[PDB]
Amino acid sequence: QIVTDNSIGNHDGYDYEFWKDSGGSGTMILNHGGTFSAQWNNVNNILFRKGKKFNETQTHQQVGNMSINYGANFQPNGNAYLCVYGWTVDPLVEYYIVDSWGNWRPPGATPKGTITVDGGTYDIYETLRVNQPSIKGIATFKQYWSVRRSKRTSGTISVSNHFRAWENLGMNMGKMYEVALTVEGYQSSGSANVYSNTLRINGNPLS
């Protein structure tokens, strides 16, 4: 249950993933349910996550209401994100709902709107990745973001509310590939202890 190199699997009912490119190091310890701990040092790009991977046949509406209750002790040294993350396919989209970050509030673009949800106010952004690694090969795809205005590291993220706000703004979503509580680092080091992470789909916790 010690993962220090790329790996995709299921642990205690959650689909876990460790992903990095070359350079630096990371260690992910898979703990009960949706929980896990992460440590990274001098990485180029690293992601740690536990959630649900889907079979690419359903819209988020078809999957149902998605909500994540979480808690994490997040200690980044540099650029890193504490978020809900995932992808859609057809179209291929990488998405983020960011509740905390390190020294840099992402994602560097001009906001396209705002959403109020879960007692916070999030700025909404759309960015473009060109010929970058993805879940479907080296590709050019959009990234969708909701970024909280101030940091928090525990609470509930009403994931489906963000998806409806994005679609309201014309940020087209495809079939669901994944939704997961994620820690991402970029050119940084840090630690994160995700001590609470429950994904409920139509109110039912994952198992």
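We number the residues from 1 along the sequence you see.
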Between 65-73 and 134-142, point out the one with the higher average CA B-factor as the PDB entry records it.
134-142
Quick check on the record: does 5-13 or 190-198 carry the larger mean Cα temperature factor?
5-13
By the entry's C-alpha temperature factors, tell me which of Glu94, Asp90, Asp99, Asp118 sits highest.
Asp90
Taking the values exactly as deposited, rank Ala109 by C-alpha B-factor within its chain and report the matching third: lowest, middle or highest.
highest
Within this chain's modelled residues, let me know which third the CA B factor of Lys175 belongs to: lowest, middle or highest.
middle
Lowest, middle or highest third of the chain for the C-alpha temperature factor of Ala80?
middle
Assert third(CA B-factor, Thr57) within chain per record equals highest
What third of the chain does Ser150 rank in for C-alpha temperature factor, lowest, middle or highest?
highest
